[PDB]
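Step one of this worksheet: look at the structure below.
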Protein chains: 2
Amino acid sequence: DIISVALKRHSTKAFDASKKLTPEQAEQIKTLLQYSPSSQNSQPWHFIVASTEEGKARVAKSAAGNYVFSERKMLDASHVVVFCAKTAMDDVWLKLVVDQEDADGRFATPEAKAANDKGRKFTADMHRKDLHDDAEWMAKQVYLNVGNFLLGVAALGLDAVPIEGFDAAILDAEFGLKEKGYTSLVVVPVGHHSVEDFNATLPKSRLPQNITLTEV
Amino acid sequence: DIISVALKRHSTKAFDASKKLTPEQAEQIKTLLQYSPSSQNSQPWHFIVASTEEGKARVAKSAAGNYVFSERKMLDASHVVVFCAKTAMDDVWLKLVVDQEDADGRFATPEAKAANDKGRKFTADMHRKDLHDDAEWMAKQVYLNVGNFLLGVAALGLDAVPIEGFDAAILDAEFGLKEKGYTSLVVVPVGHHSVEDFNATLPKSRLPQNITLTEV
Ligand SMILES: Cc1cc2nc3c(=O)[nH]c(=O)nc-3n(C[C@H](O)[C@H](O)[C@H](O)COP(=O)(O)O)c2cc1C
Ligand SMILES: Cc1cc2nc3c(=O)[nH]c(=O)nc-3n(C[C@H](O)[C@H](O)[C@H](O)COP(=O)(O)O)c2cc1C
């Protein structure tokens, strides 16, 4: 069941480059990225899915030099996903989101729609104006998406590793992200592990629930 | 089929208070919280799982003021999880983590263990001493945990809603979290939706991939 998946999945240390996602799989990973939940359905994200050798090479520039171990993971894997967050939440994005909810039939009336818009605007304005944490707020949503994604791709029977070990300034510049209003946070190579993946056979380690968990 | 799960899950707006998790389910949700990944296996989190009437009422003090719409969700669900992040990363936590990985048998040699420790410390130091973003870094891991959790609980056939709409100051004070070194980020009621959950029958809405996703 899904608990088997949770207990069996791992962070892949090495990928077999000859194993490629099926066409179906390549679509499903995109479906996972798209359908993650987010606060206010704000969806404050951009994904780059590199499946060509040259696409993956562009992402792997971000690891060259200081993050050399990350480099190979990015090149060997079939598909490599860069999760990016918005750097600012603009009125244009807020309107885009509510108008899509409208188009998808989520509002019975014009009043329902305007209430939804107003509530989202209030939440966004609070983060920006008062808490001064809108960048962080949006990045948190991208991380939630990542969590969703790692379980999803494990459940598809795929291997993956989340990577913070890359240079976001280099990745941002490689893809012109800053001027488009995004920044790269996590890279996730997806594929099938090789026999050089020593982590595939190691026991999983987590702290005991008596440390991390209180029942009331 | 995890894709079906992702496409069919939703944020529950109303719970049937008579429908409780099975005993086995109550254990599975705890397994999902525990076995999420995190950067460096840093596991910078504390969970409160409220399953009693008194426990849920304590959590629902946080649904005051602007957040009164969260109150019923927190009270009527079977189980309510509070995701908390550490407020600071300490060397004691770092040691706790590596010693657990050692106990679980992740390290062939003393050198392997010390290399793992030193790598974790470098990453942690970069956050807390250079970037000064360790609070955000750890919160991002908690949000990853949340995303894993929402898909997992949906795959168990359970309903849930992630809530940022609560007063963290009140929830923190109610549970003495600040002095214990934690703060509350997301509340997730888990259970079964009622026929009043209007969101169960509404269409799901996301932005189109031609906005959110580039293939390279
Ligand atoms: C946000 C994030 C960043 C990570 N960055 C790296 C990375 O840069 N390199 C790496 O080898 N593993 C990385 N990991 C993998 C973790 O070490 C791993 O998730 C953790 O040790 C738990 O093991 P598991 O993923 O096999 O359950 C990262 C994990 C997460 C969640
Ligand atoms: C971090 C987070 C916080 C949220 N906070 C709330 C909340 O306080 N109240 C609420 O009714 N829904 C809340 N939501 C639900 C979102 O509106 C929902 O995820 C989004 O509209 C997408 O719809 P879906 O979850 O049904 O796919 C939250 C979602 C997330 C991811």
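Among residues of segment A:193-216 that are touching a residue at least 24 places away in the same chain (Cβ under 8 Å), those with a Cβ under 8 angstrom from a residue that is of a type in the set (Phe, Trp, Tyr) and buried (at least 16 other Cβ atoms within 10 Å of the Cβ), sequence gap 6+ or separate chain, pair up as A:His193/A:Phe15; A:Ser194/A:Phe15; A:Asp197/A:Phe15; A:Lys204/B:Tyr35.
Taken together, the residues in segment A:49-70 that are within 11 Å of ligand 1 (Cβ to nearest atom) and surrounded by fewer than 21 Cβ atoms within 10 Å (Cβ to Cβ) amount to 2.
Looking across segment B:126-161 at every residue that is among the hydrophobic types (A, V, I, L, M, F, W, C) and within 19 Å of A:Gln34 (Cβ to Cβ), the one that is surrounded by the most Cβ atoms within 10 Å (Cβ to Cβ) is identified as B:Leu151.
Once segment B:86-97 is narrowed to residues that are of a type outside the set (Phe, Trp, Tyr) and either within 16 Å of ligand 2 (Cβ to nearest atom) or within 22 Å of the chain's Cα centre (by Cα) (or both), the residue that is farthest from the other protein chains (Cβ to nearest Cβ) is B:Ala88. Within segment B:15-23, the presence of at least one residue that is within 15 Å of ligand 2 (Cβ to nearest atom) and either more than 16 Å from A:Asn210 (Cα to Cα) or among the aromatic types (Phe, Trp, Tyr) (or both) is confirmed.
Evaluate segment B:26-34: report whether one residue or more is under 21 Å from A:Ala6 (Cα atoms), within 16 Å of ligand 1 (Cβ to nearest atom) and surrounded by fewer than 18 Cβ atoms within 10 Å (Cβ to Cβ). Yes, there is a match, as at least one residue in segment B:26-34 is under 21 Å from A:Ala6 (Cα atoms), within 16 Å of ligand 1 (Cβ to nearest atom) and surrounded by fewer than 18 Cβ atoms within 10 Å (Cβ to Cβ). Only one of the numbered conditions (1) within 17 Å of the chain's Cα centre (by Cα); (2) under 30 Å from A:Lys129 (Cα atoms) is violated by A:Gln40, and that is (1).
With respect to B:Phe47, is the statement that it is within 22 Å of B:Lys180 (Cβ to Cβ), aromatic (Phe, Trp, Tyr) and within 9 Å of chain A (Cβ to nearest Cβ) true? Yes; evaluated as a whole, the condition is true for this residue. If you go through segment A:161-177 and keep only what is away from ligand 1 (no atom under 14 Å from the Cβ), in contact (Cβ under 8 Å) with a residue 24 or more places away in the chain and farther than 14 Å from A:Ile48 by Cα, you end up with just A:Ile170.
Considered as a group, the residues in segment B:1-33 that are under 27 Å from A:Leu158 (Cα atoms) and in a loop (DSSP other than H, G, I, E, B) include one that is farthest from the chain's Cα centre (by Cα), and that residue is B:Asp1.
Can you give me the ranges of the helices (runs of 4 or more DSSP H) entirely in segment A:40-105 with at least 3 residues that are in contact (Cβ under 8 Å) with a residue 24 or more places away in the chain and more than 26 Å from A:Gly165 (Cβ to Cβ)?
Of the helices (runs of 4 or more DSSP H) lying wholly inside segment A:40-105, those with at least 3 residues that are in contact (Cβ under 8 Å) with a residue 24 or more places away in the chain and more than 26 Å from A:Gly165 (Cβ to Cβ) span A:91-103.
Residues that are touching a strand residue (DSSP E or B) at 6+ places or on another chain (Cβ under 9 Å) and within 16 Å of ligand 2 (Cβ to nearest atom): find the helices (runs of 4 or more DSSP H) completely inside segment A:107-216 holding 3 or more of those.
A:134-155
Positions of Cβ are backbone-derived with ideal geometry, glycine not excepted, and every protein chain shown enters the neighbour counts. Any read-out appearing in this document is the output of simple, stated calculations on the displayed coordinates, not a laboratory observation.
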